[PDB]
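Below: one structure, written as structure tokens.
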Amino acid sequence: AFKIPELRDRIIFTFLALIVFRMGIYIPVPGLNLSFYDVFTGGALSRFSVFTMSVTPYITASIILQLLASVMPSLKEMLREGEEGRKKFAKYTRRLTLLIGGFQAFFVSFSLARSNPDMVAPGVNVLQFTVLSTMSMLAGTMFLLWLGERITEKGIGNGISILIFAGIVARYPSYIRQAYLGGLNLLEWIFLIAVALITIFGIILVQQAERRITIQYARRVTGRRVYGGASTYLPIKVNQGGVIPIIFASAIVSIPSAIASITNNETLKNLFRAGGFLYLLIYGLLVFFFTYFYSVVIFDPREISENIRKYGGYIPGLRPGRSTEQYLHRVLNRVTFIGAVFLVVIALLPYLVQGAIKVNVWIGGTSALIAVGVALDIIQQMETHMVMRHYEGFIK
Amino acid sequence: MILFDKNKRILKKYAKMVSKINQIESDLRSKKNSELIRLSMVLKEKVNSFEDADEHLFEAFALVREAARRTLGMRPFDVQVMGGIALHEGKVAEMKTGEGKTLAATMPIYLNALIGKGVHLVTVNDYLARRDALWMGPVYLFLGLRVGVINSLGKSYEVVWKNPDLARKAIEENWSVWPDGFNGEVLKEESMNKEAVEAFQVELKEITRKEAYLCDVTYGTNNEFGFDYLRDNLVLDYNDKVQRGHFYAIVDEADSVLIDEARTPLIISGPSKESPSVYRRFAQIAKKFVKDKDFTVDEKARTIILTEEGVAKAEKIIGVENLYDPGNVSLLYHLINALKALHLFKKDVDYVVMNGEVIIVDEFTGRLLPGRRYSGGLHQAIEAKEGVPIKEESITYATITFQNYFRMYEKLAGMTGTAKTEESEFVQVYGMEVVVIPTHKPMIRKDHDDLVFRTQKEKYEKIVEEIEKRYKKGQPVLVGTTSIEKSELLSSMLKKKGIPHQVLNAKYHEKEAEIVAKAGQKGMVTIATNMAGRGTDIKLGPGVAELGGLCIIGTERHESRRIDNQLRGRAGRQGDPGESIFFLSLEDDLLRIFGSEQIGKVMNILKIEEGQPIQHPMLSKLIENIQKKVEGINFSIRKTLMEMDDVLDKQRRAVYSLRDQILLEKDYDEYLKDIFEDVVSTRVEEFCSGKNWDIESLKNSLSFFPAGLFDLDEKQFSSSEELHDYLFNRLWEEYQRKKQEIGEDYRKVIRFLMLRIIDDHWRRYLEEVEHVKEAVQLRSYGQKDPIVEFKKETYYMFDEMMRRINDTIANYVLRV
Amino acid sequence: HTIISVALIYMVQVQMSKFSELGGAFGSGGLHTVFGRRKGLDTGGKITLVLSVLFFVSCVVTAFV
Amino acid sequence: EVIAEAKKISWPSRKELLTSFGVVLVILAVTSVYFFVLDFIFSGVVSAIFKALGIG
Ligand SMILES: Nc1ncnc2c1ncn2[C@@H]1O[C@H](COP(=O)(O)OP(=O)(O)O)[C@@H](O)[C@H]1O
Ligand code: BEF
Ligand SMILES: [Mg+2]
């Protein structure tokens, strides 16, 4: 067939995943879910939460070490050490986002508990439905965290999230509240697909590299070699912008907008679609440039030209030292320009088709870029596990 | 279920197994002589298989301990008793002094061996292989077995000499004057009527690889054991009992069993086609870098290149070509070579034995390793730096000393250790645990801090006077230095100040012998390299310990916490006191390049102006963190090849497991041809349609042989795979047996062919496997980072590899 | 007064779990990559695991029904 | 001039692709089938639960 069974882990984490999430959402005490962008997002502060605080401290966590290690490199002992420093740094990451998830807990619990639709939230205040929520929030963070790790043992620490996207992106296409305007013009589904193709493009970035080999262990002992091969294979290293691009930048723009909707006595003025193009280009400079800069770790030539390396790409490479980062710097910001063209064209995709008939139901762009994101990454799970044994298969 | 909840739960577990077994030894002191012999026969047939005969371990171990008591004392402590216990389980009892690692080991070694399979007993070095080999040899002839130790190039293992000796203890077995005056672990010195007869059991005769392994116990060094395992490759004859199955093993000083990160590769046949070139060439080479100054940046790893003066020099000599890279790096290679040679490795660490003129490498925690090199460029580089230049540069095979080896089959139980450093390790790969046990009188020895001193090894000078003050007080001292150079100067120091002493720093092997007992004989002064200061049944003569007991001066702190402690621990056996002290210089080495950037500000800003003795503000504190830190790097690199080689364990497997089946079997005829064709025929129908010029052309390159078979014969459309297959198949099979006309001897032809050809191809493509290691040096950026690209390329090369074989191996079975 | 006392206990469950990961990093590191076999068959701390999932399905019946 | 340069060198730099990524698209769809499939499993089983611990 096409499935070609063998994957002794596949259906495993898959089914296990569905289990943990069912109890997880219908959880007692919170389970919140069982100016237009604000009332459509949902929350007390600014976090879409299918559950109290689990996927939130998740994005939160990733964010914690994100910007922290970002603008502030090494301030307290840990950077990168392959194993030792990586764990010391990881542990700090743990406790870090943990207490952070706590802050958001007390807050979201407050506002929510006293002002949302379809309440059915009693008022028998004894332990504060805030300390009670803090419970299902901190403890809730755990069940999802604990689950994540295990999920990261057969699937991915984001496999839990794709389960959420899978669910969300499956609730709207089964006609849950999408048939009041439009309908029977489902070109919008196929067009979204075109966006999918775009996404795939991002991945292969400018992936290219140099030469030489070496390995040093123990104390004062190592080696070296000559030349005389006869094989295929070559050197690969350049790249392009990682994950969660447009999403991180877009959310930012939604911030000055929300506050601009409810400042003093609601200073209602325009800032929805009009200023779009301007805020959209912001997604460009912001995401692409900033990340891709740190991202393609300014120090690459240091390690490369250190272990003795003179690149070979887009033509027979040469000059070593930082001069290499120069040539690469060019390809860097250039491929980044192109990258912007595509990702930015995603948010712009609905904007380029919604010029004749506009739909005030954009639900599908960001969430999709996420769901597909994890899809692609899981494809990496298969990319490796694939290819059983090519030896003797059709030979000795 | 993980805490002391586990360590302690282990306590009672054994405190129980011990109580019972303890009663066993109690009612057996009935001078069981000939009856004990019968017990050697009893247990002999009581197992005969790894059915894990538990109960036996109880009465057997009992016999073990007592067996020793009769042959030679040393057997009343428990971390050895309980040792063998947990040992048979697969973890690590011990921690040194008294304990019994020598005897202990013997205990489980006995039960397991009984299987008749042969058990492994890893030990760091030759000198030690011989150590345990004889230190417990007695009980073996007592329990009628055959010891078996292997070393560098020769191997031996046995008991007493010829016939008289046997006819000496044979009756003294029935006699065995000893069982009396017992009841006390106070094994004094007496019963000479027993020693003078039995204690002379220590003797050894020459044998070979075969009988060695298949014998009973196999005493050896991982270096060797590994090489033996691999020796099992270009074995045209399987009759070669080169190692009889690999599986169980107990590690003597396993705190090292792990640190053997660098893989185990047997390299040898180097057909240099450019030997004469290298000669003259490399001469010029070496001199080239000589031409350039210091600036060339050489640190933190043995990889180097130079900036300005570098590019300058490159052009400054044989090569007005600025842009050197253009597939012209072969020459630059020459520069980097010498470059690294003359510097990365002091020729004084790759010494030249007394006018042997042979540039040997005694590096890597060893102690003199004859003719060999860790690479295909260094040996000839330094050779060009000294005098007599060789002409070798070969590879052949490699393997991870542990997981790839030990985990290839069965278990392990190490000896000594304790730190958390090893548990995570004994998990991620080996799959063992820890059983920390303090024998009678725990850590009875004294220690002193890491007394530091600044600016240069001038502290080593201050340590000199130290050795002195000790000498005067009549204290037997010893120092554990880092390398051969510093070791020498050390002696010279004592001489410049007039101080008797002996130096066992890989000078001569015989030295290691004399010094064995001649190291620490009241006031005696001995200096040696860590390579001789790591685990040893050292002792001491007369009053000796009168004051302090023993003294140990460390020249610095190694690349590892344990090792540091080890060099120290060499002062305390049987359960006696001692003294240790470390002298460190903020300009030593450990931190001269590692953590220097830290120690820098933390010092020059904290304080600079002072005397010599200091360690009040973060000194020993900081350096500590650096130590573990360094070990961390090793841990890291440990990963790279560990993980990779794991995927290699698979590939390699199919490799000579296939070379095995071909060595065994006979007429693979129909198979080789068939697969050769189906492979070469699909080739004629994979990237070239079976049309006309399309195939005739591309297939031509696919069929480039001096032979003649329908080569220029076109005009054919009857190619339904069946037709084409039979056409070439008969040219083969027919001309095969038709060529079989040579003689029955033709059988061993595919032998030479298959193996050599296969062996050849593989090892060759292994060279390429090293280049692929570079591709995994690429994964770092872009795609993931879990050995991805490597695994996908490891098989790509694996499939390419095989198909290649069938082609060459084929045409080779003809031209003759 | 089950929800009040057990509440403080629910927080306790959070402790044993937040730590299980902190220490449970001898082959795990955020977005690390280690399909490290040769080790792993139902952790001795999985008793904590079962204690957790069971703990919240427990707050299910106790809270409403 | 300025932005021109960036575009002039970008026009030829456009590389590192995959002419068979369409194969990857077919998989992207398959993967999507999984999501939807998963979610559909929810509704069915979760509804068996809806009756029991839901409208009891
Ligand atoms: N049971 C014992 N009876 C007498 N001496 C012992 C005994 N066990 C250990 N020894 C003394 O301790 C020394 C070290 O023992 P060994 O088993 O080699 O452990 P280590 O490797 O820690 O020295 C021996 O050489 C011996 O002098
Ligand atoms: F034999 Be011991 F470990 F030195
Ligand atoms: Mg020992």
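Letters A, B, ... go to the chains of the structure tokens in the order shown; residues in each chain start at 1; ligands are counted from 1 in the same order.
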
Fewer than 5 positions away in the same chain doesn't count, so skip those; otherwise give me all residues within 12 Å of residue 51 in chain A, counting only C-alpha atoms, as a ChimeraX atom specification.
/A:21-34,42-43,56-58,105,108-109,133,136-138,140-141,143-144,161,164

Create the file for the chosen residues now, containing N, CA and C atoms and written as a CSV table (one decimal), in the first residue's frame.
```csv
chain,number,residue,atom,x,y,z
A,21,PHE,N,-5.6,15.0,25.5
A,21,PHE,CA,-6.3,16.2,25.2
A,21,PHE,C,-7.8,16.3,25.5
A,22,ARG,N,-8.4,15.1,25.4
A,22,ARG,CA,-9.9,15.1,25.7
A,22,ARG,C,-10.1,15.5,27.2
A,23,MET,N,-9.5,14.8,28.1
A,23,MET,CA,-9.6,15.2,29.5
A,23,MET,C,-9.1,16.6,29.8
A,24,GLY,N,-8.0,16.9,29.1
A,24,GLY,CA,-7.4,18.3,29.2
A,24,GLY,C,-8.3,19.5,28.9
A,25,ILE,N,-9.2,19.4,27.9
A,25,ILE,CA,-10.0,20.5,27.6
A,25,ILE,C,-11.3,20.6,28.5
A,26,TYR,N,-11.9,19.4,28.7
A,26,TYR,CA,-13.1,19.4,29.5
A,26,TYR,C,-12.8,19.4,31.0
A,27,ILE,N,-11.6,19.8,31.3
A,27,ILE,CA,-11.1,20.0,32.7
A,27,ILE,C,-12.0,20.9,33.6
A,28,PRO,N,-12.2,20.5,34.8
A,28,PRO,CA,-13.1,21.2,35.8
A,28,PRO,C,-12.4,22.4,36.4
A,29,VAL,N,-13.1,23.5,36.5
A,29,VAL,CA,-12.6,24.8,37.1
A,29,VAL,C,-12.3,25.9,36.0
A,30,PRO,N,-11.8,25.5,34.8
A,30,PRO,CA,-11.5,26.5,33.8
A,30,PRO,C,-12.2,26.1,32.5
A,31,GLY,N,-11.6,25.3,31.7
A,31,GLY,CA,-12.2,24.9,30.4
A,31,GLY,C,-13.0,26.0,29.7
A,32,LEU,N,-12.5,27.2,29.8
A,32,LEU,CA,-13.2,28.4,29.2
A,32,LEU,C,-13.9,28.1,27.9
A,33,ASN,N,-13.4,27.2,27.1
A,33,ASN,CA,-14.0,26.9,25.8
A,33,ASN,C,-14.2,25.4,25.6
A,34,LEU,N,-15.5,25.0,25.6
A,34,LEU,CA,-15.9,23.6,25.5
A,34,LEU,C,-17.0,23.4,24.4
A,42,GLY,N,-9.9,36.6,22.0
A,42,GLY,CA,-10.4,36.1,23.2
A,42,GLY,C,-9.4,36.0,24.3
A,43,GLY,N,-9.9,36.3,25.5
A,43,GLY,CA,-9.0,36.3,26.7
A,43,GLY,C,-9.2,37.5,27.6
A,56,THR,N,-0.5,28.4,26.5
A,56,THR,CA,-0.1,29.8,26.7
A,56,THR,C,1.3,29.9,27.3
A,57,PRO,N,1.5,29.2,28.4
A,57,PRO,CA,2.8,29.2,29.0
A,57,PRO,C,3.8,28.5,28.1
A,58,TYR,N,3.2,27.7,27.2
A,58,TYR,CA,4.0,27.0,26.2
A,58,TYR,C,4.7,28.1,25.3
A,105,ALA,N,-1.4,33.6,35.2
A,105,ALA,CA,-2.5,32.8,35.8
A,105,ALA,C,-3.5,33.7,36.6
A,108,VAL,N,-5.5,36.4,34.1
A,108,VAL,CA,-6.5,35.9,33.2
A,108,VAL,C,-7.7,35.3,34.0
A,109,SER,N,-7.4,34.7,35.1
A,109,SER,CA,-8.4,34.1,36.0
A,109,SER,C,-9.4,35.2,36.5
A,133,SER,N,-8.1,28.7,39.9
A,133,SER,CA,-7.7,28.7,38.5
A,133,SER,C,-6.2,28.6,38.5
A,136,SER,N,-5.5,24.9,38.4
A,136,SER,CA,-5.7,24.3,37.1
A,136,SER,C,-4.8,24.9,36.0
A,137,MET,N,-4.2,26.1,36.4
A,137,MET,CA,-3.3,26.8,35.4
A,137,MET,C,-1.9,26.3,35.6
A,138,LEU,N,-1.4,26.4,36.8
A,138,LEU,CA,0.0,25.9,37.1
A,138,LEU,C,0.0,24.4,36.9
A,140,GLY,N,-2.2,22.7,35.4
A,140,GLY,CA,-2.6,22.5,34.1
A,140,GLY,C,-1.4,22.6,33.2
A,141,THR,N,-0.6,23.6,33.4
A,141,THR,CA,0.6,23.8,32.7
A,141,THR,C,1.4,22.5,32.7
A,143,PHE,N,0.4,19.1,33.2
A,143,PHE,CA,-0.2,18.0,32.4
A,143,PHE,C,0.2,18.2,31.0
A,144,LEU,N,0.1,19.5,30.5
A,144,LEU,CA,0.4,19.7,29.1
A,144,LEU,C,1.9,19.7,28.9
A,161,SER,N,0.6,20.9,20.2
A,161,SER,CA,0.0,22.1,19.6
A,161,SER,C,-0.7,21.8,18.3
A,164,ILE,N,-4.0,20.8,18.7
A,164,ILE,CA,-4.9,21.9,19.0
A,164,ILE,C,-5.3,22.6,17.6
```

Kindly provide the residues of chain C that approach chain B to within 10 Å, each paired with its closest atom pair and their distance in Å to one decimal, based on only C-alpha atoms, listed by chain and increasing number, as CSV.
```
residue,atom,partner,partner_atom,distance
C:26,CA,B:424,CA,7.0
C:27,CA,B:428,CA,8.2
C:31,CA,B:784,CA,9.9
C:32,CA,B:785,CA,8.3
C:33,CA,B:786,CA,5.3
C:34,CA,B:786,CA,6.5
C:35,CA,B:786,CA,8.0
C:36,CA,B:428,CA,7.3
C:37,CA,B:428,CA,7.9
C:38,CA,B:429,CA,5.9
C:39,CA,B:428,CA,5.9
C:40,CA,B:427,CA,9.2
C:43,CA,B:1,CA,8.8
C:44,CA,B:1,CA,5.1
C:45,CA,B:1,CA,6.6
C:46,CA,B:1,CA,9.3
C:47,CA,B:1,CA,8.5
```

Could you tell me, counting only C-alpha atoms and all ligand atoms, which protein and nucleic acid residues lie no more than 10 Å from ligand 2, written as a PyMOL selection string?
chain B and resi 94-105+123-124+128+131-132+135+251-255+414-417+533-538+566+569-570+572-573

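Between residue 12 in chain C and the residues A:209, A:329, A:176, A:139, the shortest atom-to-atom distance, using only C-alpha atoms, involves A:139.
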
Which residues are near range 251-257 of chain A? Cut-off 12 Å, only C-alpha atoms, ignore same chain within fewer than 5 positions. Put them as a PyMOL selection string.
chain A and resi 35-38+40-41+45-48+244-246+262-263+266-273+275-283+286-287+366-367

Print the selection's residues with C-alpha atoms to a file, as a PDB file, in the first residue's frame.
```pdb
ATOM      1  CA  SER A  35     -12.746  45.644  18.439  1.00  0.00           C
ATOM      2  CA  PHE A  36     -13.562  42.749  16.111  1.00  0.00           C
ATOM      3  CA  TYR A  37     -10.063  41.282  16.311  1.00  0.00           C
ATOM      4  CA  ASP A  38     -10.241  41.562  20.099  1.00  0.00           C
ATOM      5  CA  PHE A  40     -12.503  37.215  18.095  1.00  0.00           C
ATOM      6  CA  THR A  41      -9.125  36.557  19.687  1.00  0.00           C
ATOM      7  CA  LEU A  45      -5.121  40.122  28.383  1.00  0.00           C
ATOM      8  CA  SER A  46      -4.090  38.836  24.953  1.00  0.00           C
ATOM      9  CA  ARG A  47      -3.878  35.038  24.760  1.00  0.00           C
ATOM     10  CA  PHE A  48      -6.106  32.678  22.779  1.00  0.00           C
ATOM     11  CA  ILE A 244       6.501  31.459  13.568  1.00  0.00           C
ATOM     12  CA  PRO A 245       7.423  34.486  11.365  1.00  0.00           C
ATOM     13  CA  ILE A 246       4.328  36.447  10.276  1.00  0.00           C
ATOM     14  CA  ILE A 262      -9.880  51.136  24.285  1.00  0.00           C
ATOM     15  CA  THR A 263      -7.635  53.936  25.575  1.00  0.00           C
ATOM     16  CA  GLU A 266     -12.482  54.394  23.903  1.00  0.00           C
ATOM     17  CA  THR A 267     -10.872  56.886  21.516  1.00  0.00           C
ATOM     18  CA  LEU A 268     -12.546  55.161  18.573  1.00  0.00           C
ATOM     19  CA  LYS A 269     -10.579  56.012  15.438  1.00  0.00           C
ATOM     20  CA  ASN A 270      -9.415  54.012  12.395  1.00  0.00           C
ATOM     21  CA  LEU A 271      -6.687  51.335  12.442  1.00  0.00           C
ATOM     22  CA  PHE A 272      -7.969  48.001  11.078  1.00  0.00           C
ATOM     23  CA  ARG A 273      -7.329  47.211   7.401  1.00  0.00           C
ATOM     24  CA  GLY A 275      -2.915  50.876   7.654  1.00  0.00           C
ATOM     25  CA  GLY A 276      -2.509  47.184   6.789  1.00  0.00           C
ATOM     26  CA  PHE A 277       0.084  47.443   4.016  1.00  0.00           C
ATOM     27  CA  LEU A 278       2.232  49.547   6.352  1.00  0.00           C
ATOM     28  CA  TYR A 279       1.951  47.152   9.287  1.00  0.00           C
ATOM     29  CA  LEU A 280       2.401  44.241   6.853  1.00  0.00           C
ATOM     30  CA  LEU A 281       5.754  45.536   5.639  1.00  0.00           C
ATOM     31  CA  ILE A 282       6.589  45.780   9.314  1.00  0.00           C
ATOM     32  CA  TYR A 283       6.259  42.022   9.408  1.00  0.00           C
ATOM     33  CA  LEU A 286      10.791  42.808  11.934  1.00  0.00           C
ATOM     34  CA  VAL A 287      10.619  39.054  11.433  1.00  0.00           C
ATOM     35  CA  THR A 366      -2.295  32.651  10.853  1.00  0.00           C
ATOM     36  CA  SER A 367      -3.662  29.484  12.460  1.00  0.00           C
TER      37      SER A 367
END
```

May I have the residues of chain D within 10 Å of chain A, counting only C-alpha atoms, written as a PDB file with N, CA and C atoms, in the first residue's frame?
```pdb
ATOM      1  N   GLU D   5      20.158  47.088  -6.864  1.00  0.00           N
ATOM      2  CA  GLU D   5      21.216  46.121  -6.604  1.00  0.00           C
ATOM      3  C   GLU D   5      20.675  44.872  -5.916  1.00  0.00           C
ATOM      4  N   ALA D   6      19.999  45.078  -4.789  1.00  0.00           N
ATOM      5  CA  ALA D   6      19.434  43.971  -4.020  1.00  0.00           C
ATOM      6  C   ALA D   6      18.576  43.056  -4.892  1.00  0.00           C
ATOM      7  N   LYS D   7      17.811  43.657  -5.797  1.00  0.00           N
ATOM      8  CA  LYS D   7      16.944  42.893  -6.686  1.00  0.00           C
ATOM      9  C   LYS D   7      17.721  42.263  -7.838  1.00  0.00           C
ATOM     10  N   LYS D   8      18.734  42.973  -8.323  1.00  0.00           N
ATOM     11  CA  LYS D   8      19.555  42.490  -9.428  1.00  0.00           C
ATOM     12  C   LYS D   8      20.335  41.231  -9.066  1.00  0.00           C
ATOM     13  N   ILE D   9      20.766  41.136  -7.812  1.00  0.00           N
ATOM     14  CA  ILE D   9      21.520  39.972  -7.361  1.00  0.00           C
ATOM     15  C   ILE D   9      20.573  38.903  -6.822  1.00  0.00           C
ATOM     16  N   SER D  10      19.357  39.313  -6.476  1.00  0.00           N
ATOM     17  CA  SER D  10      18.363  38.381  -5.957  1.00  0.00           C
ATOM     18  C   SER D  10      17.714  37.597  -7.093  1.00  0.00           C
ATOM     19  N   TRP D  11      17.556  38.257  -8.237  1.00  0.00           N
ATOM     20  CA  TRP D  11      16.954  37.637  -9.413  1.00  0.00           C
ATOM     21  C   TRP D  11      17.665  36.331  -9.770  1.00  0.00           C
ATOM     22  N   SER D  13      19.925  34.755  -7.648  1.00  0.00           N
ATOM     23  CA  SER D  13      20.153  33.967  -6.442  1.00  0.00           C
ATOM     24  C   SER D  13      19.029  32.977  -6.151  1.00  0.00           C
ATOM     25  N   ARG D  14      17.836  33.252  -6.672  1.00  0.00           N
ATOM     26  CA  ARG D  14      16.689  32.372  -6.451  1.00  0.00           C
ATOM     27  C   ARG D  14      17.014  30.924  -6.801  1.00  0.00           C
ATOM     28  N   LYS D  15      17.343  30.130  -5.787  1.00  0.00           N
ATOM     29  CA  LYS D  15      17.688  28.732  -6.007  1.00  0.00           C
ATOM     30  C   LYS D  15      17.181  27.826  -4.893  1.00  0.00           C
ATOM     31  N   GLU D  16      17.907  26.738  -4.661  1.00  0.00           N
ATOM     32  CA  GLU D  16      17.560  25.797  -3.609  1.00  0.00           C
ATOM     33  C   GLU D  16      16.054  25.595  -3.510  1.00  0.00           C
ATOM     34  N   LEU D  17      15.540  24.787  -4.426  1.00  0.00           N
ATOM     35  CA  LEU D  17      14.121  24.488  -4.491  1.00  0.00           C
ATOM     36  C   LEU D  17      13.919  22.980  -4.498  1.00  0.00           C
ATOM     37  N   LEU D  18      12.814  22.542  -5.089  1.00  0.00           N
ATOM     38  CA  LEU D  18      12.503  21.123  -5.178  1.00  0.00           C
ATOM     39  C   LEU D  18      11.368  20.927  -6.176  1.00  0.00           C
ATOM     40  N   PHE D  21       8.431  18.995  -5.010  1.00  0.00           N
ATOM     41  CA  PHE D  21       7.850  19.369  -3.734  1.00  0.00           C
ATOM     42  C   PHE D  21       6.337  19.189  -3.858  1.00  0.00           C
ATOM     43  N   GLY D  22       5.874  18.996  -5.090  1.00  0.00           N
ATOM     44  CA  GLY D  22       4.462  18.762  -5.317  1.00  0.00           C
ATOM     45  C   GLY D  22       4.167  17.459  -4.606  1.00  0.00           C
ATOM     46  N   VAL D  24       5.636  16.686  -2.006  1.00  0.00           N
ATOM     47  CA  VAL D  24       5.530  17.132  -0.622  1.00  0.00           C
ATOM     48  C   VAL D  24       4.149  17.741  -0.365  1.00  0.00           C
ATOM     49  N   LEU D  25       3.529  18.288  -1.409  1.00  0.00           N
ATOM     50  CA  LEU D  25       2.202  18.890  -1.272  1.00  0.00           C
ATOM     51  C   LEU D  25       1.188  17.778  -1.078  1.00  0.00           C
ATOM     52  N   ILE D  27       1.643  15.089   0.269  1.00  0.00           N
ATOM     53  CA  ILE D  27       1.826  14.633   1.641  1.00  0.00           C
ATOM     54  C   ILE D  27       1.211  15.644   2.597  1.00  0.00           C
ATOM     55  N   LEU D  28       1.386  16.927   2.293  1.00  0.00           N
ATOM     56  CA  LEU D  28       0.832  17.964   3.149  1.00  0.00           C
ATOM     57  C   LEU D  28      -0.663  17.724   3.281  1.00  0.00           C
ATOM     58  N   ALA D  29      -1.285  17.301   2.185  1.00  0.00           N
ATOM     59  CA  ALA D  29      -2.712  17.016   2.182  1.00  0.00           C
ATOM     60  C   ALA D  29      -2.966  15.795   3.062  1.00  0.00           C
ATOM     61  N   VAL D  30      -2.188  14.741   2.840  1.00  0.00           N
ATOM     62  CA  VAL D  30      -2.320  13.523   3.628  1.00  0.00           C
ATOM     63  C   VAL D  30      -2.259  13.907   5.106  1.00  0.00           C
ATOM     64  N   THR D  31      -1.229  14.672   5.459  1.00  0.00           N
ATOM     65  CA  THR D  31      -1.039  15.129   6.830  1.00  0.00           C
ATOM     66  C   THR D  31      -2.308  15.824   7.316  1.00  0.00           C
ATOM     67  N   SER D  32      -2.890  16.655   6.455  1.00  0.00           N
ATOM     68  CA  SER D  32      -4.110  17.373   6.805  1.00  0.00           C
ATOM     69  C   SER D  32      -5.211  16.362   7.077  1.00  0.00           C
ATOM     70  N   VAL D  33      -5.267  15.317   6.257  1.00  0.00           N
ATOM     71  CA  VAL D  33      -6.268  14.277   6.442  1.00  0.00           C
ATOM     72  C   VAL D  33      -6.148  13.792   7.877  1.00  0.00           C
ATOM     73  N   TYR D  34      -4.913  13.666   8.354  1.00  0.00           N
ATOM     74  CA  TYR D  34      -4.687  13.215   9.724  1.00  0.00           C
ATOM     75  C   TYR D  34      -5.352  14.148  10.730  1.00  0.00           C
ATOM     76  N   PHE D  35      -5.059  15.441  10.623  1.00  0.00           N
ATOM     77  CA  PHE D  35      -5.648  16.424  11.526  1.00  0.00           C
ATOM     78  C   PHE D  35      -7.158  16.226  11.561  1.00  0.00           C
ATOM     79  N   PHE D  36      -7.801  16.497  10.430  1.00  0.00           N
ATOM     80  CA  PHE D  36      -9.245  16.346  10.320  1.00  0.00           C
ATOM     81  C   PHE D  36      -9.685  14.995  10.870  1.00  0.00           C
ATOM     82  N   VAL D  37      -9.031  13.928  10.419  1.00  0.00           N
ATOM     83  CA  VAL D  37      -9.358  12.587  10.886  1.00  0.00           C
ATOM     84  C   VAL D  37      -9.334  12.537  12.409  1.00  0.00           C
ATOM     85  N   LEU D  38      -8.251  13.039  12.998  1.00  0.00           N
ATOM     86  CA  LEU D  38      -8.117  13.063  14.449  1.00  0.00           C
ATOM     87  C   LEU D  38      -9.321  13.759  15.064  1.00  0.00           C
ATOM     88  N   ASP D  39      -9.520  15.015  14.681  1.00  0.00           N
ATOM     89  CA  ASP D  39     -10.624  15.825  15.184  1.00  0.00           C
ATOM     90  C   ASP D  39     -11.989  15.151  15.038  1.00  0.00           C
ATOM     91  N   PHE D  40     -12.182  14.423  13.942  1.00  0.00           N
ATOM     92  CA  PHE D  40     -13.443  13.724  13.718  1.00  0.00           C
ATOM     93  C   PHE D  40     -13.594  12.617  14.756  1.00  0.00           C
ATOM     94  N   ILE D  41     -12.471  12.006  15.122  1.00  0.00           N
ATOM     95  CA  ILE D  41     -12.487  10.949  16.124  1.00  0.00           C
ATOM     96  C   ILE D  41     -12.991  11.551  17.431  1.00  0.00           C
ATOM     97  N   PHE D  42     -12.589  12.791  17.697  1.00  0.00           N
ATOM     98  CA  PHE D  42     -13.020  13.478  18.907  1.00  0.00           C
ATOM     99  C   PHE D  42     -14.540  13.488  18.960  1.00  0.00           C
ATOM    100  N   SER D  43     -15.149  14.241  18.050  1.00  0.00           N
ATOM    101  CA  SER D  43     -16.602  14.357  17.997  1.00  0.00           C
ATOM    102  C   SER D  43     -17.322  13.040  18.274  1.00  0.00           C
ATOM    103  N   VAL D  45     -16.192   9.967  19.710  1.00  0.00           N
ATOM    104  CA  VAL D  45     -15.974   9.409  21.040  1.00  0.00           C
ATOM    105  C   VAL D  45     -16.375  10.394  22.138  1.00  0.00           C
ATOM    106  N   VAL D  46     -16.025  11.663  21.946  1.00  0.00           N
ATOM    107  CA  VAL D  46     -16.358  12.695  22.922  1.00  0.00           C
ATOM    108  C   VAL D  46     -17.871  12.802  23.086  1.00  0.00           C
TER     109      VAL D  46
END
```

For chain C, list the residues within 10 Å of chain A, counting only C-alpha atoms, and write the list as a count of residues only.
45

Would you list the contacts of range 150-159 of chain B as a PyMOL selection string, taking every protein, DNA or RNA residue within 6 Å and counting only C-alpha atoms, but skipping same-chain residues closer than 6 positions in sequence?
chain B and resi 126+201+203-207+220
